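A.B. asks: So I pulled this structure from the PDB, and the sequence comes with it:
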Amino acid sequence: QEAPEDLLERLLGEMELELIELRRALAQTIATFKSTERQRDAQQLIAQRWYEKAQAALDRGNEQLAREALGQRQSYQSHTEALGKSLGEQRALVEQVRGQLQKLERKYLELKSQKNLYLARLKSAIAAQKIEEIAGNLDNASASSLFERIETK
Amino acid sequence: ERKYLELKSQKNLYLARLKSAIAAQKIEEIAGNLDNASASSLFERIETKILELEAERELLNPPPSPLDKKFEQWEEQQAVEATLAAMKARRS
Amino acid sequence: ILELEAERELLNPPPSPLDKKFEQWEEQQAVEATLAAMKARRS
Amino acid sequence: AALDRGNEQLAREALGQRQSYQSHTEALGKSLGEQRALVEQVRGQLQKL
Amino acid sequence: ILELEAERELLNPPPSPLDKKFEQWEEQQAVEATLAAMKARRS
Ligand SMILES: Nc1ncnc2c1ncn2[C@@H]1O[C@H](COP(=O)(O)OP(=O)(O)O)[C@@H](O)[C@H]1O
Ligand SMILES: Nc1ncnc2c1ncn2[C@@H]1O[C@H](COP(=O)(O)OP(=O)(O)O)[C@@H](O)[C@H]1O
């Protein structure tokens, strides 16, 4: 149990620090995301080189040898598909994440737009009671007010 | 070994999503509402406190009576017309 | 992950199907109303 | 100028693009309306006080 | 290297496909408008 107003600043103090930490990691997933993106492209090219051998595999006029290379690439081909699909799901998966962050930050600012506004009104009334309470009256007639206290004396 | 790498490809991916929602609950839970109307949210807590003193000050000093303001403004209106009588008096 | 996913949703009710339906339709009416501006300004 | 090309299709995207801002414009435009008279009440207190 | 690459991008949203598309088209219209100046000044 603390002052409701004072904890607000501390609350918003940790508010942004936690928010930024998220922003740091979001790029982290994207970086590795492209890392595999390149990785897939590397393997298919290797198949293309294997395919390039296949294209010239018959330059000798022999169809037999081409068979081994065509069977050789297939191991990669399945690996190509295996990894190719893997990034497909992640593609829209992160995109959903971005909507959260952009949507979320816009919310924060609207809060701060009022953060100080309430405080001023708080001080506006804090004095207001303080002023007139101290200035309750000058002719109280009961000696409770400071002025009448002197008057009776 | 080929198996191991596929694991790491997702190792960090789950962590980011974990942090993605960890804040998400943290943010909106802290930002549950601004007009809660129940004093549970931090904003409304302040709102009620503002009004708490508002009437507190009013009790310490009775405000003008409707008749008092009504005669006061009417007295001004009579003053307005009386000044308006001066308007006619000085102009004509 | 899913544990908190719905946890957050409960703390804040999501848009009603009618709300989004009118919201997008209102945009569509705005689209057509802006489309009326399209015709209004072009012709 | 979206129709300067004579194409009405492209103008549609831009007209749909702004609407996001348009609601944001109204969202913030109203926000300051209440505060406008809200502070004014405050000033009367201070000068009166 | 890639870690910061996207880090910078998030801190500043890049151009929208429509923005670049209108931007280049606006240039193309400027190109044609300048091309209109080409015809205007040459003929
Ligand atoms: N218009 C007025 N003319 C003369 N006295 C007034 C007037 N209004 C209030 N008072 C006096 O102010 C007093 C109230 O002052 P306060 O100290 O707040 O309460 P208390 O009188 O119980 O000490 C009343 O007792 C009353 O006699
Ligand atoms: N659209 C709305 N307009 C006004 N008040 C709302 C709206 N949505 C929610 N609220 C208020 O927010 C409160 C819920 O805030 P919360 O603190 O999470 O629960 P509780 O009200 O039990 O404290 C509700 O009591 C309700 O009055």
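C.D. replies: The structure has been received and is ready for your questions. Numbering: from 1, shown residues only, chains lettered A, B, ... in the order given. Ligands and ions are numbered 1, 2, ... in the order given.

A.B. asks: And the residue nearest the centre of chain A?
C.D. replies: residue A:101 (3.9 Å; Cα atoms, centre = their mean).

A.B. asks: Could you pull up the residues touching the residue lying closest to that one once chain neighbours are set aside?
C.D. replies: Among residues not flanking residue A:101 along the chain, residue A:26 sits closest, at 6.4 Å (Cβ to Cβ, 6 or more residues apart in numbering or on different chains). C-beta coordinates here come from the backbone N, C-alpha and C atoms, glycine included. Residues in contact with residue A:26 (Cβ atoms under 8 Å, 6 or more residues apart in numbering or on different chains) are A:94, A:97-98, A:101, B:16, B:20, E:10.

A.B. asks: do you know how far residue B:17 is from residue B:11?
C.D. replies: Residue B:17 is 12 Å from residue B:11, where distance means Cβ to Cβ, to the nearest Å.

A.B. asks: Which one of those two is surrounded by more residues?
C.D. replies: Counted by other Cβ atoms under 10 Å in any protein chain shown, residue B:17 and residue B:11 do not tie: residue B:17 has more neighbours, with 17 against 10.

A.B. asks: How far off centre is the helix ranked longest in chain B?
C.D. replies: Counting residues, the longest helix in chain B under DSSP state H turns out to be helix B:2-30. With Cα atoms, centre = their mean, to the nearest Å as the basis, helix B:2-30 stands 37 Å off its chain's centre.

A.B. asks: who touches the helix or strand following it?
C.D. replies: The helix or strand immediately downstream of helix B:2-30 is helix B:42-60, counting by DSSP states H and E. The contact list for helix B:42-60 (Cβ under 8 Å, 6+ apart) reads A:4-5, A:7-8, A:11, A:114, A:118, A:121-122, A:125-126, A:128-129, A:132-133, A:136, B:33-39.

A.B. asks: One more: stretch A:32-41?
C.D. replies: Here stretch A:32-41 has contacts from A:80, A:83-84, A:86-87, A:90, A:94, B:9, B:12-13, E:2, E:6, using Cβ under 8 Å, 6+ apart.

A.B. asks: Tell me which stretches of chain A form helices.
C.D. replies: A:4-57, A:64-134, A:146-152.

A.B. asks: what comes up buried for stretch B:31-48?
C.D. replies: B:31, B:41-47 (16 or more other Cβ atoms under 10 Å in any protein chain shown).

A.B. asks: now do the same end-to-end measure for that stretch.
C.D. replies: Distance across stretch B:31-48, first residue to last, is 18 Å (Cα to Cα, to the nearest Å).

A.B. asks: touching ligand 2 at all, it?
C.D. replies: Yes: judged by Cβ under 6 Å from any ligand atom, stretch B:31-48 comes into contact with ligand 2 through B:32-33, B:35-38, B:40-41.

A.B. asks: Centre of the chain to that stretch, how far?
C.D. replies: Put simply, stretch B:31-48 sits 10 Å off its chain's centre (Cα atoms, centre = their mean).

A.B. asks: what's the answer for stretch B:80-92, then?
C.D. replies: Distance, stretch centre to chain centre, for stretch B:80-92: 46 Å (Cα atoms, centre = their mean).

A.B. asks: same check, this time on stretch A:119-134
C.D. replies: Distance of stretch A:119-134 from the chain centroid (Cα atoms, centre = their mean) equals 39 Å.

A.B. asks: Could you see whether ligand 1 lies near it?
C.D. replies: No: Stretch A:119-134 is not in contact with ligand 1 by Cβ under 6 Å from any ligand atom; minimum separation 8.6 Å.

A.B. asks: Nice, that's everything, thank you.
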